[PDB]
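Keeping their order, the protein sequence lines are chains A and B. In this text, residue positions in the first sequence follow this note's numbering: the first is 265, and each later residue adds one. In this text, residue positions in the second sequence follow this note's numbering: the first is 2, and each later residue adds one.
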Amino acid sequence: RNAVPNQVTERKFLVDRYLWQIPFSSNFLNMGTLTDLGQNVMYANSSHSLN
Amino acid sequence: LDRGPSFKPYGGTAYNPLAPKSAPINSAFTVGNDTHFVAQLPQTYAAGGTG
């Protein structure tokens, strides 16, 4: 009945046992185990760094 | 969003939850003419008669 006004909201989440992933694909889907950018001519027959 | 005064998201209470429900706190209440004291004095000190 007499709750305090002007209170503010706080949100968070908790994942356990998950180990976040970014797939190395064009549309981030699972179209094959060998992905589509892995057999690309830009990435296979070249040499790149990563940072 | 407002939820009105009809919102209480739990059972029981959050203030003095271990008390019996008929228990009064140490108060002074007036019945008609003059006040009635009801109290509990847990902490004591030293008196020596006509203290």
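Cβ atoms here follow ideal geometry from the backbone N, Cα and C, with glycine treated the same way.
Supposed contact pair residue j and residue i - C-beta distance, whole angstroms, cut 8 Å
i: residue 300/A; j: residue 289/A; result: 6 Å
i: residue 36/B; j: residue 29/B; result: 5 Å
i: residue 265/A; j: residue 6/B; result: 4 Å
Opening and closing residue of the beta strand (DSSP E) in which residue i lies
i: residue 29/B; result: 28-32
i: residue 38/B; result: 35-39
Pick from the options that is closest to residue i, judged by C-alpha positions
i: residue 22/B; options: 14/B, 43/B and 5/B; result: 14/B
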